[PDB]
Amino acid sequence: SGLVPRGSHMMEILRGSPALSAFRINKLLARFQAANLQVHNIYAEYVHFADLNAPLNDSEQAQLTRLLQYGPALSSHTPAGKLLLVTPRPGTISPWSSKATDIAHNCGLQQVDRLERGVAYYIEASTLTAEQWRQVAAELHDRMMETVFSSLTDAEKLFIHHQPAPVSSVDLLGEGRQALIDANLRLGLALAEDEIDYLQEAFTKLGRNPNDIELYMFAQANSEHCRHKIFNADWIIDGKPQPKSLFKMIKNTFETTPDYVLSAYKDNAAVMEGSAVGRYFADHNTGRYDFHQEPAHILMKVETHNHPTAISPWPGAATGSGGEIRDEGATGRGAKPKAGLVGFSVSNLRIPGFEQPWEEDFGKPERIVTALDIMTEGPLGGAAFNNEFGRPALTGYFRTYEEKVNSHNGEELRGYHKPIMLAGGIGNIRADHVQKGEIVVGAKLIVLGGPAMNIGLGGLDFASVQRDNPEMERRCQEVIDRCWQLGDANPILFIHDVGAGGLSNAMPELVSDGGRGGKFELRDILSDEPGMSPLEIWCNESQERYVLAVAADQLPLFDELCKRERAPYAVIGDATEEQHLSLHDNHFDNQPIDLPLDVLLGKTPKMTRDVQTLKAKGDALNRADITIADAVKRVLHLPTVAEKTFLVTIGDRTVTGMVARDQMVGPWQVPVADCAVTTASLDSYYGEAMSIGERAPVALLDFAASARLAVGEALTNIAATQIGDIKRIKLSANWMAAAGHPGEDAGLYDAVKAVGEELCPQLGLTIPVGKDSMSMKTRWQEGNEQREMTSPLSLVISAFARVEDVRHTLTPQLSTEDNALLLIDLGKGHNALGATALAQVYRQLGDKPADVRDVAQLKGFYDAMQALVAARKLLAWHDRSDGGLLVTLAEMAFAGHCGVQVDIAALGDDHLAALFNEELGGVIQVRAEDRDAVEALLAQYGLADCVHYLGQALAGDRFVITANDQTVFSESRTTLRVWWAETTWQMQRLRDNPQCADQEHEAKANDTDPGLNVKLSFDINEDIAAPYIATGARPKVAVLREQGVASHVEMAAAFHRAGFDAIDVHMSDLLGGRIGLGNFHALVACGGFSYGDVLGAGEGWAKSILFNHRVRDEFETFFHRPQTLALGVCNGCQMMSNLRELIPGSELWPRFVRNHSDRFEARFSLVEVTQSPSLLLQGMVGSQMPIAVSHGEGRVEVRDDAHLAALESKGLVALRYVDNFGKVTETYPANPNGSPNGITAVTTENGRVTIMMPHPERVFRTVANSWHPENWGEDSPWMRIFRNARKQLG
Ligand SMILES: Nc1ncnc2c1ncn2[C@@H]1O[C@H](COP(=O)(O)OP(=O)(O)O)[C@@H](O)[C@H]1O
Ligand SMILES: [Mg+2]
Ligand SMILES: [Mg+2]
Ligand SMILES: [Mg+2]
């Protein structure tokens, strides 16, 4: 390895492994050929750069070399041709770096200052000109995040040491107001005239010049994004002053319906009442996991990250998740995120080779990415954050819209060049932590989380490129968890997330919220960029940080908690009685900030918006080119309608072990569930539900109708879940608009009024949380002309509710038992076609849209559904939304893998309008014998005239719609289901391994697929551990975790149910002597993402054990005892595979590497239990049942065929993926990762150690299995693993 001077440090260069698989190499060659670049070949290798502060001895060097050997064993090539090295841009530090460097330090290599990675490309193309070489270089990197170098030695530039930049004053006293005008422009403060006035007067009064940092702080605090001026403005509309601000109209909902609300409008989440259940966590004193019966209240929040996503979609989406997760954890005095939701709105995809007939290229700004690139990289970023942090992502939306329409401001382009990138979720919170505490004078003021850099300052446009490190956030969440788990002894007095404005907002808002001042020391803040100015330090929008206040006497406890989780923290100030803000700098011996808080936090006048109504005249839908058959095909091809698998299986849906209802439904795992449901605890059937409603294109015709439909659809999506009182349902209202665009402002007011003053109070729905994003428009020059793309007003409503029994949830999976299909048409026969999917796919807007037709009937629908749910009278439910009744029926037939025979003669003479309107309502399926009773029930709620018997679900493949004796539409259901799949197919195909995309798609066309199905070799209800549990003797299990691991609570709970005392054992506990494995007879290594999988999944964890001789010895000793048991699941499996030199009987084990799909796979996969020595699978051999899978590096990799054959002949294979026909498979996704012979679990020769990629601990509860046979009780088959362990111990 290479090793040269790099300032007071030395940089080593270490070559890594091949970086690209053959499909990705071929994609690059095809792109160069399409661009007329004659490239003969391309080969890529990772290269690593280690900046060292001191030398490595030979042992240390071999350890560093070994740390940097990872990943799939692709065949190495001798470098040939031109080197292009792609690295992060100078001045940036990759999240890869942060994690890789933590691993080096936890392996005892303190001499590593920083590790970084690049990709060396070797291109053979002897005939290219210098210009053509620039296009090659352009193709090989992201211009927003990366740079191209011609030498490996050039990477020295990434580690340059910079001295701190000083504070700069702005010379108001020496130049007058012009100094503030110049700074306004130079610093991009975007100050209004009245804000310059305020600053001029404030600093004139103080008799000194403002520092740059003070102006920047002020400017960030007074932005639209931070201050919410529009939502607090007075209004005049069509010449009349209005009596309430938008915010006041939202609050009207809480004034009307306070019921069940614990916190609204006073934290960065709302809280509502949950259920009393067993909250499960490890005690601070004993480290044992135990249930604590108490209220688990429910917090909720939804945010957006629209602007940055248009510039750099992966970090835009990722930090959109990240910031929202921080709002949750910083609710009250600390709380715990549980589950997430995700939303995207973009312009037309225009997928190459799959362009649809409604799509026209209108151009875009050069500086933004395309809709397609947002829907490629954005979902992967948001999913990487949720996956790595560890919260399941269980509901969402994805809308495309880009058309030239005759809307409120006449003919113009309406769309989403600036996208909607929405992230939300729910969490649980303790009752006594809901209220933020008071901040005592002298409280210590702390930054919890990552060392900062000059990122995102004030929100090419590099300042819009964010940076995501979910593992850092998980480490912080663990600390928050330890704090709230101390109950009365929770040392957090107050906590807030660090978002816009960075510390410059978060710290002043924290002390101000306590009625205190603060004094701070700049040099106590953790930095990863020593060159930063005070302005940059204070104002940067670095991620994964929280601010909180702790009593000084609690610092030693806080320090212990942080050090055990490896969460970085710094005490950076003290709360003061005086309401003043001081920031000192010990390096420069000066005071960058010195301001009264009332000066800093003082406000210019309230805004007044004086505006006028515009309203579009609709035009009747021109039906010339429309036929029913062509419309069905088009609508199924609209992304908004079409199958969403590309957005679903990339995100974990099982972590926590509390997921009851995820997107995928039934044996064929079709993503049509209308809402998400989680259990409240690991020991309850009480729970929580989440749904979304949204209908933006309607706002191009009618602003209020669009907002009423968003609320209505949230209710119809949630309605077949057992909740009871509608007042249990709480909403977030997220408002996206192009404020100032003609007609939008009045429309915004009318829409807010429609829901806040009218619909929500009448229904009894509170909106206790919300947000707004008010510049949803993009402008650019397109040839000679000014062009503009403006969003419709886009309200997204998320609904959240406590659930009475998660078991009683209905899905769209039709039964073929004798049945009746009933439409509930809340449209009352209006059958509106304006602003539908139908209109859109023929490039039109139409006349009049749907709307809430009858408030009482909407409420009646909800209450009727709740009565039907609780009385178990529904077989299925699916609501009507995009694509109308047609799509509702279709989706039900897809989920039930069956046919329908329905008649629509009662729905009007206009069959197109009957099938494609998007009025509220839906289809219930009931047992035939219950039809009359169900109809009578609906009639009691005032709905008889809305209710229509359609027909029946039938076995087979026919989708038939009649009207009297005429066939209106008839098609193969398989044909329809494959058309509906084509969008996800094509997205998967361009994003992932196209072989896998193709396999997945083509399998959907085989109607003989029987779906997931079970074969059981044992009695799943027989608690073979009961006689042991009945003695009260409970063996310990070490539930092993590492920084970044999120799977440990539910792993503990599985062993707890089998009779174990589950002990929390962090790798810091072993390294610090607090736990020794000699005290345990069983160990489990848990899944998740230790170190964000950097340096190969499980490798850093394993090598941290191997390279500490003491801890290595401990592990070896444990594994060589005669009766000990060990289990490794997912990340634990990977870790243990990398530790196999310590494990007897493991010489034939494989490695676990990148899935063949090249994509994370969150699947509910069918496995069979195979004959092997494994003690943990005793009694289960020959069983076949599904299991949760959630991994990106689960592919079994062997050295050669000799190795595979030996492993197989030894008989150590314990689980294999099978297809639904029951055969061992390598076809995707039945086998999700490409493992040979379906291998996904191995054991040792003595059977005492078993490792597996799937997660049995996430599915030991029947209620947590996405699909399961109806006759199962509480226990799934997988419970037997943990029971076997207990019985084995005796
Ligand atoms: N962006 C997304 N991320 C994850 N899941 C999504 C996303 N968009 C849609 N889904 C899921 O795919 C399924 C179909 O979505 P959609 O048709 O938009 O729902 P609906 O029409 O019932 O409102 C649902 O289970 C939904 O939660
Ligand atoms: Mg839909
Ligand atoms: Mg729905
Ligand atoms: Mg929807």
Side-chain angles (χ1 to χ4, degrees), residues 309 317 320-321 339-346 374-375 378-383 385-387 391-400 419-425 635-636 638-653 659 661-666 669-677 689-698 706 709-720 794-799 809 811-813 836-837 850 877-892 894-895 918 920-923 980-981 983-984 987 1162 1266:
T309 301
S321 310
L341 62 80
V342 187
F344 293 99
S345 300
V346 298
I374 291 162
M375 293 311 305
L380 300 173
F385 207 103
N386 285 339
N387 287 347
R391 67 172 185 179
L394 302 175
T395 195
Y397 89 91
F398 161 46
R399 183 174 295 278
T400 51
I420 298 177
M421 191 284 172
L422 181 142
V635 168
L636 297 177
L638 181 66
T640 307
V641 166
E643 199 172 22
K644 302 294 191 302
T645 311
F646 79 108
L647 298 178
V648 175
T649 62
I650 59 167
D652 188 304
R653 303 182 311 284
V659 177
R661 171 75 288 113
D662 68 308
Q663 299 89 316
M664 309 292 260
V665 167
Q669 292 283 102
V670 177
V672 291
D674 284 313
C675 73
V677 182
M690 309 181 286
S691 69
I692 295 163
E694 57 77 50
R695 210 70 61 81
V698 172
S706 78
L709 291 168
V711 167
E713 189 196 337
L715 294 169
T716 61
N717 263 333
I718 215 170
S794 302
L795 171 54
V796 177
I797 287 290
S798 305
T809 298
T811 71
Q813 184 189 162
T836 55
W877 167 243
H878 199 207
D879 70 324
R880 177 170 57 197
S881 53
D882 304 298
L885 177 57
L886 182 281
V887 166
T888 299
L889 290 166
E891 284 174 356
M892 291 179 101
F894 304 161
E918 304 179 347
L920 297 171
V923 177
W980 181 74
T983 304
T984 195
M987 286 302 301
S1266 178

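Note: hydrogens, waters and symmetry copies are ignored here, and every other heavy atom, side chains too, is used. Numbering starts at 1 and runs along the sequence shown. Remember, it's 1-based here, ligands and their atoms both numbered in the order they're listed.
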>> Tell me whether the Mg ion (ligand 4) has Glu713 as a neighbour, meaning an N, O or S atom of it below 2.8 Å.
In response: yes
> Less than 3.5 Å between some nitrogen or oxygen of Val641 and one of ligand 1, yes or no?
Replying inline: no
>> To check your reading of the model: name the closest protein heavy atom to atom 5 (N) of ligand 1, its residue, and the distance in Å.
In response: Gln663 NE2, 3.3 Å
>> I'd like to check which ligand 1 atoms, numbered from 1 as shown, lie under 4.0 Å from a non-hydrogen atom of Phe344.
In response: 1 (N)
> Out of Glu891, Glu694, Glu713, who gets a non-hydrogen atom closest to atom 23 (O) of ligand 1?
Replying inline: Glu713
>> Heavy atom to atom 4 (C) of ligand 1, shortest distance: which of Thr649, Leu647, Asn717 holds it?
In response: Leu647
>> Check this for me - ligand 1, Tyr397, N or O atoms closer than 3.5 angstrom, yes or no?
In response: yes
> If you round to the nearest 0.5 Å, how far is NE2 of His878 from CD of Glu891?
Replying inline: 4.5 Å
>> Using a 4.0 Å cutoff against the non-hydrogen atoms of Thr395, which atoms of ligand 1 qualify?
In response: 27 (O)
> Near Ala673, which atoms of ligand 1 are under 4.0 Å from a heavy atom of that residue?
Replying inline: 24 (C), 25 (O)
>> Less than 4.0 Å is my threshold; does some heavy atom of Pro671 fall inside it relative to ligand 1?
In response: yes
>> Considering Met664, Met690, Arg661, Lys644 one by one, which has a heavy atom nearer to atom 16 (P) of ligand 1 than any of the others?
In response: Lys644
> Mind checking whether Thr716 and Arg880 have side chains closer than 4.5 Å, heavy atoms only?
Replying inline: no
>> Please check: side-chain N/O of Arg399 versus main-chain N/O of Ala696, any donor-acceptor pairing under 3.5 Å?
In response: no
